[PDB]
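Participant: Structure supplied as input.cif; contents: mmCIF, C-alpha atoms and all ligand atoms.
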```
data_coords
#
loop_
_atom_site.label_atom_id
_atom_site.label_comp_id
_atom_site.auth_asym_id
_atom_site.auth_seq_id
_atom_site.Cartn_x
_atom_site.Cartn_y
_atom_site.Cartn_z
CA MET A 1 95.01 107.01 161.64
CA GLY A 2 93.87 103.38 162.15
CA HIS A 3 97.04 101.54 161.03
CA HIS A 4 96.27 97.91 162.14
CA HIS A 5 97.14 94.33 161.04
CA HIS A 6 94.73 91.33 160.88
CA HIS A 7 97.55 88.92 161.97
CA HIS A 8 95.62 85.65 162.61
CA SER A 9 98.67 83.66 161.28
CA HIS A 10 98.63 80.40 163.33
CA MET A 11 99.99 77.79 160.85
CA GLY A 12 100.59 74.31 162.32
CA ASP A 13 98.14 72.47 164.65
CA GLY A 14 98.97 68.73 164.36
CA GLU A 15 101.03 66.36 166.57
CA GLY A 16 100.62 62.56 166.38
CA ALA A 17 101.64 59.24 164.75
CA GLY A 18 99.79 56.08 163.57
CA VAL A 19 97.11 54.95 161.04
CA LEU A 20 93.99 56.88 159.82
CA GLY A 21 90.33 55.77 160.30
CA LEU A 22 89.18 58.46 157.86
CA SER A 23 90.75 60.22 154.78
CA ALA A 24 91.32 63.48 156.79
CA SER A 25 93.28 66.62 155.60
CA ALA A 26 92.06 69.11 152.91
CA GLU A 27 93.11 70.95 149.74
CA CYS A 28 95.12 73.62 151.66
CA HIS A 29 98.63 72.86 150.37
CA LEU A 30 99.16 70.87 147.14
CA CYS A 31 102.52 69.66 145.68
CA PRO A 32 101.98 71.47 142.23
CA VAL A 33 103.15 68.42 140.15
CA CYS A 34 100.83 65.84 141.90
CA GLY A 35 97.35 66.75 143.25
CA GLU A 36 97.51 65.50 146.87
CA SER A 37 95.91 67.15 149.94
CA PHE A 38 98.46 68.34 152.57
CA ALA A 39 97.34 70.08 155.81
CA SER A 40 100.99 70.81 156.73
CA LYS A 41 102.89 73.25 154.42
CA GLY A 42 106.26 71.44 154.88
CA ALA A 43 104.51 68.30 153.53
CA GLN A 44 103.91 70.18 150.23
CA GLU A 45 107.57 71.37 150.04
CA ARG A 46 109.09 67.93 150.88
CA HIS A 47 107.05 66.16 148.11
CA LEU A 48 108.69 68.59 145.66
CA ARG A 49 112.35 68.76 146.81
CA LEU A 50 112.51 64.91 147.19
CA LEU A 51 110.32 63.43 144.39
CA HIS A 52 108.75 66.21 142.25
CA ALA A 53 111.99 68.30 142.08
CA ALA A 54 112.25 68.15 138.23
CA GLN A 55 109.74 71.03 137.81
CA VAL A 56 110.99 73.19 140.75
CA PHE A 57 114.49 74.83 140.75
CA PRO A 58 116.09 75.17 144.32
CA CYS A 59 118.93 77.80 144.59
CA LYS A 60 121.31 75.24 146.20
CA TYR A 61 123.02 77.51 148.81
CA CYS A 62 119.60 78.32 150.46
CA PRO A 63 116.26 76.28 150.85
CA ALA A 64 114.57 79.07 148.73
CA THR A 65 113.02 76.80 146.05
CA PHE A 66 111.82 78.50 142.82
CA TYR A 67 108.97 77.34 140.54
CA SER A 68 110.77 78.72 137.44
CA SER A 69 114.18 78.27 135.70
CA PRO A 70 115.30 82.08 135.46
CA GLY A 71 114.39 82.63 139.18
CA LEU A 72 117.00 79.97 140.11
CA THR A 73 120.01 81.98 138.79
CA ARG A 74 118.34 85.33 139.76
CA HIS A 75 118.92 84.46 143.46
CA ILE A 76 122.66 83.74 142.87
CA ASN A 77 122.92 87.00 140.82
CA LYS A 78 120.79 89.36 143.03
CA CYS A 79 120.02 87.96 146.54
CA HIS A 80 122.93 85.45 146.92
CA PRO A 81 125.83 87.22 145.00
CA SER A 82 128.71 85.87 147.19
CA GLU A 83 127.90 82.22 146.33
CA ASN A 84 129.76 81.02 143.15
CA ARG A 85 131.17 77.74 144.60
ZN ZN B 101 104.38 65.35 144.58
ZN ZN B 102 119.83 81.55 147.24
#
```
As structure tokens - that is how I would like this structure written.
Facilitator:
Amino acid sequence: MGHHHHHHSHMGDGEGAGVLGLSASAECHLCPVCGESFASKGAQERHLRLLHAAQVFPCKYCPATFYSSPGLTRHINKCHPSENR
């Protein structure tokens, strides 16, 4: 009895464009290869898959990006076993 979730998951909150009058953001999401404060989580992922993609290994058929070399092939073997193109 008392099976309950604490689901306060509300990730986002940020719409706008322009300059900045103050540093803003915080150490919430960091691109693991360069210490740089991202508020948005997609901002962390994009700084990897574009620039800092040497350290991270993306299983090419899906956007599931690994942070290790064995994990790369382990998707294609286990969780993506139709994809040998
Ligand atoms: Zn980076
Ligand atoms: Zn995959």
Participant: Please write out the residues within 9 Å of ligand ZN 101 (chain B) as a list in words, counting all atoms listed in the file.
Facilitator: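 Protein and nucleic-acid residues within 9 Å of ligand ZN 101 (chain B): residues 30, 31, 32, 33, 34, 35, 36, 44, 45, 46, 47, 48, 49, 50, 51, 52 and 53 of chain A.
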Participant: Just want the 10 Å neighbourhood of residue 11 of chain A, counted on all atoms listed in the file, with same-chain residues fewer than 3 positions away dropped. Output as a VMD selection string.
Facilitator: chain A and resid 8 14 39 to 41
Participant: As a list in words, please: every protein or nucleic acid residue near ligand ZN 102 (chain B) (cut-off 9 Å, counting only C-alpha atoms and all ligand atoms).
Facilitator: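 Those within range of ligand ZN 102 (chain B) are residues 58, 59, 60, 61, 62, 63, 64, 65, 72, 73, 74, 75, 76, 77, 78, 79, 80, 81 and 83 of chain A.
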Participant: Residues near residue 67 of chain A, anyone? I mean within 8 Å using all atoms listed in the file, not counting same-chain ones fewer than 4 positions away, as a PyMOL selection string.
Facilitator: chain A and resi 55-57+71
Participant: Would you save the residues of that selection, restricted to C-alpha atoms, as a tab-separated table (two decimals), keeping the file's coordinate frame?
Facilitator:
```tsv
chain	number	residue	atom	x	y	z
A	55	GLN	CA	109.74	71.03	137.81
A	56	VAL	CA	110.99	73.19	140.75
A	57	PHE	CA	114.49	74.83	140.75
A	71	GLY	CA	114.39	82.63	139.18
```
Participant: What gap, in Å, lies between atom CA of residue 7 of chain A and atom CA of residue 66 of chain A?
Facilitator: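 Atom-to-atom, atom CA of residue 7 of chain A to atom CA of residue 66 of chain A, that is 26.1 Å.
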Participant: So how far away is atom CA of residue 37 of chain A from atom CA of residue 9 of chain A, in Å?
Facilitator: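 Pair atom CA of residue 9 of chain A / atom CA of residue 37 of chain A returns 20.2 Å.
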Participant: One number please: atom CA of residue 12 of chain A to atom CA of residue 42 of chain A, in Å, one decimal.
Facilitator: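 Computed distance, atom CA of residue 12 of chain A to atom CA of residue 42 of chain A, equals 9.8 Å.
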